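Summary of structural features
Each chain is listed here by its residues.
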Amino acid sequence: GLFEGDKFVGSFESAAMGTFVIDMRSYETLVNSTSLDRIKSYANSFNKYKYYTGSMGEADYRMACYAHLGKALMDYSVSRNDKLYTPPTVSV
Amino acid sequence: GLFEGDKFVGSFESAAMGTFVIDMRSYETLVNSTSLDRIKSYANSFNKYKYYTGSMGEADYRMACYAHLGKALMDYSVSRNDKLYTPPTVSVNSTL
C-alpha cells in the first residue's frame, strides 16, 4: 500500500506505479529515502520515455514509470505545487 | 543476451521479451525446455492480448509478451517459416 493510515509511506518504486499527491510531505518522504540523486537520474531518462514508442524489454515498463515519477518530483521541487501523481498510460 | 556465442539459448521468459529469429534451432530449444504444453497455453491467451483495453499494467504486459511469443512459436510449428520475433509494440503516455 502507498499509505499507512493517513500519511504517505511508499517507496519510490511502489509509488512510481501508484496514485498519490505530490505535496511537501510526500516529497519530503521520497527524497529522504531514495534520495535526490537517484531521483535526478530517473528524471533524466524522461525524454527517453515521455513518448517511449516500440517494444519494451523487461525492464522498460518499470523505467518508464520510474522516469515519469522522477520528473514529477523534480517539477515539484522547482515549483512547489501540490500535484496528483498517476502512472503513465502503457497501451498497445 | 539470448545467446551463448552464436546459438540461441534463452528461456521462454527472457526470450518472450527479447529479439531473436524463430527458426528450427531456437524452436527446438524452446519447445524442449518449456515445453509444448505451456507454450500452447500461453498461445491461447493471445487474442485477449491483441485488442487489450489500453493499459495494461506491468504485469499485464509481461503476459502479453508470453502470449505473443507463444503464438509466434505456434505459427512457426505449423508453417516452418523462419521469422523474427520481437516483443509487442507499446505506447507510453503521461497523465499530468
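Deposited coordinates in this entry are attributed by the record to X-ray crystallography, at a stated resolution of 2.756 Å.

With that settled, consider helix α3 (residues 36-44) of chain B. Residues and elements named next belong to chain B. Taken as a whole, α3 has its buried residues at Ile39, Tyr42 and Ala43. The buried residues of α3 all sit within an arc of 100° when viewed along its axis, so they share a single face. Exposed positions of α3 whose direction lies more than 90 degrees from the buried face are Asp37 and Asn44.

Time to look at the packing of aromatic side chains. Residue and element names in this part refer to chain A. This model, assessed by the stated rule, comprises 16 aromatic pairs over all chains. Relative to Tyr66, the ring of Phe12 has its centre 5.9 Å away and its plane inclined at 65°; by these criteria the two rings are edge-to-face. A residue pair is termed long-range when its members are at least 10 positions apart, and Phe12 in helix α1 (residues 12-17) and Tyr66 in helix α5 (residues 60-78) qualify at 54 residues. Note on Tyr66: relative accessible area 10%, which makes it buried. Relative to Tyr52, the ring of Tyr49 lies with its centre 5.3 Å away and its plane at 10°, an arrangement referred to as stacked. Taking the relative accessible area as the measure of exposure, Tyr49 reaches 3% and is therefore buried. When its relative accessible area of 15% is taken as the criterion, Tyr52 is described as buried. Members of the aromatic cluster, connected to one another through ring pairs, are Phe3, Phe8, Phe20 and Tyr85.

What counts as what
- Residue labels used throughout are counted from 1 along each chain in written sequence order rather than taken from the entry, whose numbering may differ, and residues without coordinates are not included.
- All chains are assigned letters beginning at A, and all ligands numbers beginning at 1, according to the order in which they are written.
- Side-chain numbers here rest on the full set of heavy atoms in the structure, without hydrogens or water.
- With a 1.4 Å probe rolled over the protein chains alone, any residue whose accessible area is under 20% of its type maximum counts as buried; one over 50% counts as exposed, and the rest are partly exposed.
- Numbering of helices and strands starts at the N terminus; helices are DSSP runs of H or I of at least 4 residues and strands are runs of E of at least 2.
- Here the arc refers to the directions that run from the helix axis out to each C-beta atom.
- Pairing of aromatic rings covers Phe, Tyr and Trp, the last through its six-membered ring, and needs centres within 6.5 Å; plane angles under 30 degrees mean stacked, over 60 mean edge-to-face, and all others mean tilted.

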